[PDB]
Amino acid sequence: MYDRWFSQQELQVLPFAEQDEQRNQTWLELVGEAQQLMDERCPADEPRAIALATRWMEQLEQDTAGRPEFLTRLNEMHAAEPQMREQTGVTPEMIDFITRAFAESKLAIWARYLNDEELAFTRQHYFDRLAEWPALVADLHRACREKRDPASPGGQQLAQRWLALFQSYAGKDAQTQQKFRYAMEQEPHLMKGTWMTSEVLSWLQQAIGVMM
């Protein structure tokens, strides 16, 4: 199944391919527990749901080798592979539940940095363009590997896309955006589930610097 979507060279470095049992048992537990919460009508802002969603993103980043290009590949499979549902037990409805629960874990943090109106805006618009982040993070990793110049046209285009996705949920207000960047500096959890590394983040912030 994975062969239809990953090269055999990629399958060597893709933890999903190896037979480990602790890795399989870990996902049997995470999926079984997600379906149980959904059966119980558990809301996404429930501590159990939030805790599960965080563990879900931690494990998913580990088992993609921190490679966002593999994350984007799995999302291609969930949309295009009919076997994904039966093979993994992960449904599109389940992903929507985990996505909302993980977002709630960050909104719980942002509520300390934002006012009631700012938070209300972000809670509504956080999901507008959320699914486009993995494709951007993969291009950022690529630009970093290839030693692309942040000031080059291509590098500024990546900075522009980051700004587009960031303003989507933070808004255009300069003061409000400052709060987000300050929270990002103080809260390590806010950088979970991003596939971002200090090296890429450093490349991104040079590109944003030139854009200013």
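Don't overthink the numbering: it's just position in the shown sequence, from 1.
Quick check on the record: does 94-102 or 110-118 carry the larger mean Cα temperature factor?
Per the PDB entry, the higher value belongs to 110-118.
Quick one: say whether 27-35 or 153-161 has the higher mean Cα B-factor in the deposited entry.
The recorded data point to 27-35.
Please place residue 81 in the lowest, middle or highest third of its chain by C-alpha B factor as given in the entry.
Its C-alpha B-factor belongs to the highest third of this chain's values.
Would you mind ranking residue 174 by its C-alpha B-factor against the rest of the chain and naming the third, lowest, middle or highest?
Highest third.
Residue 188 - which third its CA temperature factor falls in, relative to the rest of the chain
Its C-alpha B-factor, which the entry lists for residue 188, ranks in the middle third among residues of this chain.
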